[PDB]
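> Have a peek at protein-v9.cif (mmCIF, C-alpha atoms and all ligand atoms).
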data_run
loop_
_atom_site.label_atom_id
_atom_site.label_comp_id
_atom_site.auth_asym_id
_atom_site.auth_seq_id
_atom_site.Cartn_x
_atom_site.Cartn_y
_atom_site.Cartn_z
CA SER A 1 15.60 -3.86 -17.07
CA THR A 2 13.54 -1.21 -15.30
CA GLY A 3 9.94 -0.04 -15.13
CA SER A 4 8.30 3.25 -14.17
CA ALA A 5 4.57 3.88 -13.67
CA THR A 6 2.51 6.74 -12.37
CA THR A 7 0.26 6.07 -9.38
CA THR A 8 -2.84 8.24 -8.87
CA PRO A 9 -5.07 8.81 -5.83
CA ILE A 10 -8.56 7.32 -6.29
CA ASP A 11 -10.32 10.25 -4.63
CA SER A 12 -9.84 13.66 -3.02
CA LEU A 13 -8.74 12.12 0.32
CA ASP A 14 -5.97 9.87 -1.06
CA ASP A 15 -7.88 6.82 0.28
CA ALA A 16 -5.81 4.63 -2.01
CA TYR A 17 -3.66 4.82 -5.14
CA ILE A 18 -4.12 3.09 -8.51
CA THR A 19 -1.44 2.25 -11.05
CA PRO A 20 -2.12 1.02 -14.58
CA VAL A 21 -1.02 -2.57 -15.30
CA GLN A 22 -1.03 -4.36 -18.67
CA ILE A 23 -2.21 -7.99 -18.48
CA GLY A 24 -2.37 -10.48 -21.34
CA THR A 25 -2.02 -10.37 -25.12
CA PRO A 26 -3.30 -8.10 -26.54
CA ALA A 27 -2.88 -6.00 -23.39
CA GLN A 28 -5.80 -5.52 -21.06
CA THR A 29 -5.09 -2.50 -18.89
CA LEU A 30 -6.41 -2.66 -15.33
CA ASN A 31 -5.88 -0.10 -12.57
CA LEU A 32 -4.44 -1.92 -9.58
CA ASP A 33 -3.78 -0.97 -5.96
CA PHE A 34 -0.07 -1.69 -5.38
CA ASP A 35 0.09 -3.17 -1.90
CA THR A 36 3.38 -3.68 -0.05
CA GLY A 37 1.35 -5.27 2.78
CA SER A 38 0.15 -8.30 0.79
CA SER A 39 1.46 -10.74 -1.82
CA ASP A 40 -1.37 -11.62 -4.21
CA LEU A 41 -1.93 -10.12 -7.65
CA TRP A 42 -5.69 -10.45 -8.05
CA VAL A 43 -8.14 -8.88 -10.46
CA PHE A 44 -11.80 -8.39 -11.19
CA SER A 45 -12.51 -10.68 -14.12
CA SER A 46 -15.00 -12.26 -16.48
CA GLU A 47 -15.37 -14.90 -13.73
CA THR A 48 -16.37 -12.47 -10.98
CA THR A 49 -19.96 -12.89 -9.70
CA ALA A 50 -21.87 -10.36 -11.80
CA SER A 51 -23.71 -8.73 -8.89
CA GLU A 52 -20.33 -8.05 -7.26
CA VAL A 53 -18.99 -6.03 -10.19
CA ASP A 54 -19.96 -2.33 -10.22
CA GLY A 55 -17.94 -0.27 -12.70
CA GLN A 56 -14.58 -2.05 -12.50
CA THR A 57 -12.58 -2.98 -15.58
CA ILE A 58 -12.34 -6.78 -15.80
CA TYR A 59 -9.65 -9.17 -17.02
CA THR A 60 -11.01 -11.68 -19.53
CA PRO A 61 -8.49 -14.54 -19.81
CA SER A 62 -10.30 -16.10 -22.77
CA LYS A 63 -9.37 -13.01 -24.80
CA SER A 64 -5.66 -13.32 -23.98
CA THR A 65 -3.59 -15.59 -26.22
CA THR A 66 -0.93 -15.90 -23.51
CA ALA A 67 -3.32 -16.82 -20.65
CA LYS A 68 -3.08 -20.35 -19.24
CA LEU A 69 -5.25 -21.77 -16.47
CA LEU A 70 -3.08 -22.83 -13.54
CA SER A 71 -4.77 -26.17 -13.11
CA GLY A 72 -6.14 -26.89 -9.66
CA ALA A 73 -4.97 -23.62 -8.14
CA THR A 74 -7.26 -21.48 -5.98
CA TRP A 75 -6.75 -18.46 -3.74
CA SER A 76 -8.55 -16.70 -0.93
CA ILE A 77 -7.48 -13.63 0.97
CA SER A 78 -8.80 -11.58 3.86
CA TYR A 79 -7.48 -8.17 4.78
CA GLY A 80 -7.32 -6.53 8.19
CA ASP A 81 -10.23 -4.19 7.46
CA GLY A 82 -12.51 -7.18 6.96
CA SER A 83 -12.53 -7.14 3.17
CA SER A 84 -11.89 -10.27 1.13
CA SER A 85 -11.80 -11.97 -2.27
CA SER A 86 -11.17 -15.41 -3.75
CA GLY A 87 -11.07 -17.32 -7.01
CA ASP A 88 -8.88 -19.31 -9.37
CA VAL A 89 -5.56 -18.60 -11.11
CA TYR A 90 -4.11 -18.02 -14.56
CA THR A 91 -0.55 -17.35 -15.62
CA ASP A 92 -0.14 -14.51 -18.13
CA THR A 93 2.16 -11.73 -19.23
CA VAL A 94 2.07 -8.72 -16.90
CA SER A 95 3.75 -5.38 -17.57
CA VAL A 96 4.14 -2.39 -15.28
CA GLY A 97 5.56 0.81 -16.68
CA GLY A 98 7.50 -0.97 -19.42
CA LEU A 99 8.75 -3.83 -17.23
CA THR A 100 7.44 -7.23 -18.36
CA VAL A 101 7.10 -10.51 -16.50
CA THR A 102 6.00 -13.62 -18.36
CA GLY A 103 4.25 -16.44 -16.51
CA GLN A 104 2.98 -14.19 -13.72
CA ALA A 105 0.25 -15.64 -11.53
CA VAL A 106 -2.87 -13.55 -12.11
CA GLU A 107 -5.49 -14.46 -9.57
CA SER A 108 -8.95 -14.16 -11.05
CA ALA A 109 -11.70 -13.22 -8.60
CA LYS A 110 -14.86 -15.31 -8.50
CA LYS A 111 -16.00 -13.51 -5.33
CA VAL A 112 -15.19 -10.12 -3.81
CA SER A 113 -16.54 -8.49 -0.67
CA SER A 114 -18.78 -5.44 -0.64
CA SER A 115 -15.99 -2.92 -0.02
CA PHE A 116 -14.28 -3.96 -3.26
CA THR A 117 -17.55 -3.92 -5.22
CA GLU A 118 -18.25 -0.43 -3.92
CA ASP A 119 -14.92 0.90 -5.10
CA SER A 120 -15.40 1.32 -8.82
CA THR A 121 -11.89 2.74 -9.25
CA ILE A 122 -9.92 -0.30 -8.06
CA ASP A 123 -9.72 -3.21 -10.53
CA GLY A 124 -7.61 -5.42 -8.26
CA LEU A 125 -4.49 -5.51 -6.08
CA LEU A 126 -0.84 -6.08 -6.93
CA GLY A 127 0.96 -7.36 -3.88
CA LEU A 128 4.55 -6.38 -3.14
CA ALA A 129 5.16 -7.95 0.25
CA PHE A 130 7.17 -11.18 0.46
CA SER A 131 5.97 -14.16 -1.52
CA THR A 132 5.71 -16.25 1.66
CA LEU A 133 2.33 -14.52 2.22
CA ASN A 134 0.91 -15.48 -1.17
CA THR A 135 -2.39 -17.34 -0.73
CA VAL A 136 -2.43 -19.56 -3.82
CA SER A 137 -3.01 -23.23 -3.01
CA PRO A 138 -1.69 -25.88 -3.38
CA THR A 139 1.34 -24.27 -5.02
CA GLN A 140 2.23 -20.86 -3.61
CA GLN A 141 3.01 -18.24 -6.27
CA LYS A 142 5.55 -15.43 -6.52
CA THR A 143 4.85 -11.69 -6.57
CA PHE A 144 5.48 -9.53 -9.62
CA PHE A 145 8.57 -8.08 -7.92
CA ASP A 146 10.03 -11.47 -7.04
CA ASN A 147 9.51 -12.69 -10.61
CA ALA A 148 11.07 -9.52 -12.02
CA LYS A 149 13.94 -9.23 -9.58
CA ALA A 150 16.69 -11.17 -11.33
CA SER A 151 16.11 -9.14 -14.51
CA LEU A 152 16.13 -5.73 -12.85
CA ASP A 153 19.19 -3.49 -13.06
CA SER A 154 19.07 -3.38 -9.24
CA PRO A 155 16.81 -5.59 -7.09
CA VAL A 156 14.69 -2.73 -5.76
CA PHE A 157 11.46 -0.87 -6.17
CA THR A 158 10.55 2.59 -4.91
CA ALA A 159 7.31 4.21 -3.78
CA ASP A 160 6.86 7.95 -4.25
CA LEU A 161 3.25 8.64 -3.33
CA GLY A 162 1.80 12.11 -3.74
CA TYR A 163 -0.32 14.19 -1.40
CA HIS A 164 -3.47 15.01 -3.38
CA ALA A 165 -1.40 14.42 -6.51
CA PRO A 166 0.04 11.66 -8.67
CA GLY A 167 3.28 9.92 -7.81
CA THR A 168 5.49 7.12 -9.08
CA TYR A 169 6.39 3.48 -8.61
CA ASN A 170 9.80 2.59 -10.05
CA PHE A 171 11.27 -0.88 -10.47
CA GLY A 172 14.94 -1.62 -10.79
CA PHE A 173 16.45 1.81 -10.17
CA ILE A 174 16.61 4.72 -7.74
CA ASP A 175 15.69 8.10 -9.26
CA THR A 176 18.15 10.41 -7.53
CA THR A 177 16.16 13.45 -8.71
CA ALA A 178 13.07 12.37 -6.77
CA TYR A 179 14.21 13.12 -3.22
CA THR A 180 16.16 15.68 -1.21
CA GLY A 181 19.19 14.98 0.95
CA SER A 182 20.21 11.38 1.51
CA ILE A 183 18.33 8.09 1.77
CA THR A 184 18.61 6.49 5.22
CA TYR A 185 18.46 2.72 5.19
CA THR A 186 17.12 0.64 8.04
CA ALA A 187 16.92 -3.09 8.77
CA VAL A 188 13.97 -5.25 7.75
CA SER A 189 12.57 -8.41 9.28
CA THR A 190 10.81 -10.71 6.82
CA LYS A 191 9.71 -13.12 9.56
CA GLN A 192 6.05 -12.12 9.20
CA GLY A 193 6.26 -11.71 5.42
CA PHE A 194 6.08 -7.90 5.62
CA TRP A 195 8.48 -5.01 5.05
CA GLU A 196 8.79 -4.78 8.81
CA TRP A 197 11.19 -2.28 10.37
CA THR A 198 11.73 -0.31 13.58
CA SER A 199 11.27 3.44 13.73
CA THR A 200 13.50 5.22 16.25
CA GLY A 201 10.78 7.49 17.61
CA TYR A 202 8.50 10.44 17.03
CA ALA A 203 7.66 14.09 17.61
CA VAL A 204 4.36 15.98 17.57
CA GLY A 205 4.44 19.39 15.89
CA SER A 206 7.43 21.42 17.06
CA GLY A 207 7.73 19.26 20.19
CA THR A 208 10.78 17.39 21.38
CA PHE A 209 11.68 14.10 19.73
CA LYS A 210 10.90 11.00 21.79
CA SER A 211 13.41 8.21 21.26
CA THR A 212 11.50 4.96 21.38
CA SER A 213 11.46 1.87 19.20
CA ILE A 214 8.30 1.41 17.15
CA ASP A 215 8.16 -1.83 15.18
CA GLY A 216 5.85 -1.64 12.18
CA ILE A 217 5.31 -2.33 8.51
CA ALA A 218 5.70 -0.17 5.43
CA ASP A 219 2.32 -0.71 3.79
CA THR A 220 1.24 1.14 0.67
CA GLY A 221 -2.09 -0.69 0.69
CA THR A 222 -3.23 0.82 4.00
CA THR A 223 -4.52 4.39 4.00
CA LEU A 224 -3.71 5.60 7.48
CA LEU A 225 -0.90 5.63 10.02
CA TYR A 226 -1.60 3.15 12.83
CA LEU A 227 0.61 3.54 15.91
CA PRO A 228 0.58 2.57 19.60
CA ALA A 229 -2.17 4.11 21.69
CA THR A 230 0.33 6.11 23.78
CA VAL A 231 1.79 7.80 20.67
CA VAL A 232 -1.60 8.47 19.13
CA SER A 233 -2.94 9.96 22.37
CA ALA A 234 0.09 12.27 22.55
CA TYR A 235 -0.63 13.47 19.00
CA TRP A 236 -4.35 14.16 19.37
CA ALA A 237 -3.85 15.82 22.76
CA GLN A 238 -2.35 18.72 20.77
CA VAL A 239 -5.59 19.24 18.81
CA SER A 240 -8.27 21.10 20.72
CA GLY A 241 -11.53 19.17 20.72
CA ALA A 242 -10.06 15.95 19.35
CA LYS A 243 -11.39 12.75 20.87
CA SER A 244 -11.62 9.03 20.24
CA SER A 245 -15.12 8.08 19.17
CA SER A 246 -16.16 4.42 19.47
CA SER A 247 -19.21 5.11 17.31
CA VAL A 248 -17.10 6.53 14.50
CA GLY A 249 -14.27 4.04 15.04
CA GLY A 250 -11.34 6.26 15.91
CA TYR A 251 -10.06 9.73 16.60
CA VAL A 252 -12.04 12.60 15.20
CA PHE A 253 -11.37 16.32 15.46
CA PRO A 254 -13.13 19.62 14.76
CA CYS A 255 -12.86 20.40 11.07
CA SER A 256 -11.97 23.98 12.09
CA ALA A 257 -8.66 22.79 13.57
CA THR A 258 -5.18 23.30 12.21
CA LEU A 259 -3.42 19.99 12.64
CA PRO A 260 0.18 19.73 13.87
CA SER A 261 2.78 17.80 11.93
CA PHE A 262 3.98 14.35 13.00
CA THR A 263 7.63 13.34 12.72
CA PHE A 264 8.88 9.75 12.70
CA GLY A 265 12.45 8.52 13.05
CA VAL A 266 14.41 6.46 10.57
CA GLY A 267 17.68 5.80 12.31
CA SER A 268 19.10 9.26 13.03
CA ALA A 269 17.00 10.74 10.21
CA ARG A 270 13.54 12.29 10.49
CA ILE A 271 10.53 12.26 8.17
CA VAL A 272 7.98 15.02 8.75
CA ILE A 273 4.34 14.40 7.91
CA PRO A 274 2.63 17.79 7.47
CA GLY A 275 -0.56 18.37 9.46
CA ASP A 276 -2.69 18.56 6.31
CA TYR A 277 -1.78 14.93 5.44
CA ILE A 278 -3.52 13.83 8.66
CA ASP A 279 -6.93 15.33 7.70
CA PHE A 280 -9.38 12.78 6.21
CA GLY A 281 -12.29 15.14 6.09
CA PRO A 282 -15.85 15.09 7.39
CA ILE A 283 -17.01 11.82 8.93
CA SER A 284 -20.17 12.14 6.85
CA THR A 285 -21.18 14.66 4.22
CA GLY A 286 -21.75 18.08 5.80
CA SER A 287 -20.39 17.15 9.23
CA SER A 288 -18.06 19.48 11.13
CA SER A 289 -16.35 16.45 12.70
CA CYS A 290 -13.35 15.26 10.70
CA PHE A 291 -11.65 11.87 10.69
CA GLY A 292 -8.02 11.63 11.78
CA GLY A 293 -5.22 10.14 9.72
CA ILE A 294 -3.28 8.84 12.72
CA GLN A 295 -5.12 6.09 14.58
CA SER A 296 -4.40 3.50 17.28
CA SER A 297 -3.02 0.12 16.27
CA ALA A 298 -4.18 -1.36 19.59
CA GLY A 299 -6.83 -3.58 17.97
CA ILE A 300 -4.65 -4.71 15.03
CA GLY A 301 -1.63 -6.42 16.55
CA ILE A 302 0.89 -4.54 14.43
CA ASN A 303 1.84 -0.92 13.77
CA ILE A 304 1.28 0.19 10.17
CA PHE A 305 3.15 2.91 8.35
CA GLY A 306 0.46 3.38 5.72
CA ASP A 307 0.02 5.97 3.02
CA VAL A 308 -0.24 8.91 5.45
CA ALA A 309 3.36 8.22 6.51
CA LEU A 310 4.79 6.90 3.26
CA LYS A 311 3.57 9.77 1.07
CA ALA A 312 5.77 12.10 3.17
CA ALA A 313 8.84 10.22 1.92
CA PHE A 314 10.63 8.66 -1.01
CA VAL A 315 10.72 4.99 0.01
CA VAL A 316 13.11 2.33 -1.25
CA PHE A 317 12.08 -1.31 -0.95
CA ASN A 318 15.45 -3.03 -1.29
CA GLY A 319 15.00 -6.70 -2.20
CA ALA A 320 18.66 -7.65 -1.98
CA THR A 321 19.54 -11.00 -0.37
CA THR A 322 19.17 -9.22 2.97
CA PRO A 323 16.30 -6.80 2.38
CA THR A 324 16.32 -3.27 3.76
CA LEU A 325 14.11 -0.17 3.61
CA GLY A 326 15.27 3.33 2.73
CA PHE A 327 13.57 6.65 3.49
CA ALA A 328 14.36 10.11 2.17
CA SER A 329 12.60 13.44 2.48
CA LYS A 330 11.31 14.93 -0.77
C1 LIG B 401 -4.43 -4.83 9.25
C2 LIG B 401 -5.52 -3.81 9.31
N1 LIG B 401 -6.37 -3.82 10.31
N2 LIG B 401 -7.22 -2.75 10.11
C3 LIG B 401 -8.26 -2.46 11.09
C4 LIG B 401 -6.87 -2.11 8.95
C5 LIG B 401 -7.60 -0.91 8.42
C6 LIG B 401 -5.79 -2.77 8.40
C7 LIG B 401 -5.09 -2.51 7.10
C8 LIG B 401 -5.78 -3.15 5.91
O1 LIG B 401 -6.75 -3.89 6.06
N3 LIG B 401 -5.26 -2.85 4.70
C9 LIG B 401 -5.69 -3.30 3.45
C10 LIG B 401 -7.06 -3.41 3.15
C11 LIG B 401 -7.41 -3.88 1.90
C12 LIG B 401 -6.43 -4.22 0.99
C13 LIG B 401 -5.11 -4.08 1.38
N4 LIG B 401 -4.73 -3.64 2.58
#
Translate the structure of the given file into C-alpha cells.

Amino acid sequence: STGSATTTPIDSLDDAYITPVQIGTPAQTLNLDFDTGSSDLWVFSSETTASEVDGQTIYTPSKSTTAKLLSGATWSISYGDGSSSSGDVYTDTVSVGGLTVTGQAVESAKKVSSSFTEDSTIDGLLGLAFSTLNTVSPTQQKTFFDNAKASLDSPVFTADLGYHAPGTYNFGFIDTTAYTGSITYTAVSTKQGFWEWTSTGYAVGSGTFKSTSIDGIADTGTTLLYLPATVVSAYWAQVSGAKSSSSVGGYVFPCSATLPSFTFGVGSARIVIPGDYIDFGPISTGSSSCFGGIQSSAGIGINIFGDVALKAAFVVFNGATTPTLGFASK
C-alpha cells in the first residue's frame, strides 16, 4: 500500500504545517502537525478542557463506531519549547492520504498548554519519530508509520515541505518526479529515538564550505534551524546589523536586509537554503526588526534541522531494518 497527502503551512511564515487525517468511522477529519521529532499521535477531543479549546476541530470518540478505550492507558508529553499536553487513549482507524491503519493509538487530550490553545489551526500532532519515544503508559504505543510499515510497498515516508506553499507527505514510495538530481543517503542513529544524523558541514552565502561534523535531528515539527553557536555566529556576521537579542530570544536582523543563503552538507552533497527561507518577519507587528530562521542550539542540547532546512530538500525517512535518511535538492 501507499498514501499521499498534501501538507499546508498554517500561516504566512511557515510556522508549521498541517496535513488532513481521517480518524474513526464515519471519518472525522482533523488537521495534524506531522512531527518527525516526536512519537505520539494526539488530538484535541470532546474530552479536552473546554476553556483550552479555541477554534480547533475535535475528535469525538463516542461518535466513532470503531473507537475503543484503551483501558488504563494515559499519556503526557512536553516539548522543548515548553508546550505540553496529556490525556487518555483510544484505538481507532486512522487514514492518511488513502493509507489506512486499524487499531492506531489515538491519544485524546484532556489538557493542552496555552500555545496549543492559541493555535486554532492545529488539531493535534502525528508523531513520526521512533516508537521508543511514545509516552503512553503503562503500555507504550506504536506510531502511525510503525503500524503501517509492514503493509507499505517500501518501508519509507518522504517529506516535501513547501516554502510559502503546500507540499506533500508520501508513505510507502519515493516520487522520482519530486526532486532534482540524486538522493544522497546518510546514516541514522536511533539511540535517542530521533532521526539523528551527521551533516558534513556548511557554507554561508557564496563562501567556502567548512567541513565539520554536525550531529542533529531531522525534525518536521520544529520551525527553525538550530545549530551550534559558532556556525550561527558565522552566518549572522554576514548580515549587517544582525545581533543576538536576549530580550527577543535569539538573532534578529534589520528587515531591510537581504539575507545570504545557507548550505548544509549531506555526505558529499549540498543542500542550499535560500536567504528568503531564513526570514521570519517582524518581531512584533510594525517593527523593523526581523526574527532570524537560523538560531543557536546552545540552550537545547541537540542540533535541530527543522522546517527551515527540510523545506529546502526532498527528504526520505527510510525505516528499513537499519534506518537511513536521504536528501535531494528540488
Ligand atoms: C527541543 C526544542 N527546544 N526549543 C527551545 C525548541 C523551540 C525546540 C523544538 C520544539 O520544541 N519543537 C516542537 C514543539 C512543539 C511540538 C513539536 N515540536
> Env of residue 96 in chain A: 9 Å cut, atoms = only C-alpha atoms, seq-sep filter 6 positions within chain, self excluded. Answer as a PyMOL selection string.
chain A and resi 3-5+19-22+171
> Mind listing the residues within 10 Å of ligand LIG 401 (chain B), all atoms listed in the file counted, as a PyMOL selection string?
chain A and resi 16+33-39+77-85+115-116+124-127+219-226+249+295-306
> Pick the closest to residue 158 in chain A from A:60, A:240, A:113, A:170: which is it, counting all atoms listed in the file?
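Between A:60, A:240, A:113, A:170, the residue approaching residue 158 in chain A most closely is A:170.
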> Which residues are close to residue 129 in chain A, i.e. within 12 Å by all atoms listed in the file, leaving aside same-chain residues fewer than 5 positions away? Reply as a PyMOL selection string.
chain A and resi 34-41+134+142-146+157+188-196+217-221+317-319+323
> Which residue, A:272, A:109, A:328, A:18, has the smallest gap to residue 167 in chain A when you use all atoms listed in the file?
A:18
> Which is closer to residue 309 in chain A than all the others in A:228, A:274, A:87, A:97, using all atoms listed in the file?
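When distances to residue 309 in chain A are compared using all atoms listed in the file, the smallest one comes from A:274.
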> Considering all atoms listed in the file, can you say which of A:252, A:119, A:264, A:114 comes closest to residue 51 in chain A?
A:114
> Just the number, please: distance in Å from CA of residue 46 in chain A to CA of residue 64 in chain A, one decimal.
12.0 Å
> Please return as a VMD selection string every residue within 8 Å of (-16.6, -8.5, -10.2), taking into account only C-alpha atoms and the file's own coordinates.
chain A and resid 44 to 54 56 58 109 to 112 117
> Let me make sure I understand: among A:62, A:329, A:263, A:324, which one has the smallest atom-to-atom distance to residue 197 in chain A if we use all atoms listed in the file?
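Going through A:62, A:329, A:263, A:324 one by one, the smallest distance to residue 197 in chain A is for A:324.
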> What's the separation between CA of residue 268 in chain A and CA of residue 164 in chain A, in Å to one decimal place?
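Value for the CA of residue 268 in chain A-CA of residue 164 in chain A distance: 28.5 Å.
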> Take the point (-5.7, -12.5, -8.1) in the file's coordinates, draw a sphere of radius 6 Å around it, and report as a count of residues only every protein, DNA or RNA residue with an atom inside or on it, counting only C-alpha atoms.
7
> Let me make sure I understand: among A:200, A:258, A:7, A:135, which one has the smallest atom-to-atom distance to residue 270 in chain A if we use all atoms listed in the file?
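The answer is A:200, which sits nearest to residue 270 in chain A.
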> Skip range 209-212 of chain A itself and residues of its chain fewer than 4 positions away, then list as an NGL selection string all residues within 8 Å of it, counting only C-alpha atoms.
:A and (199-204)
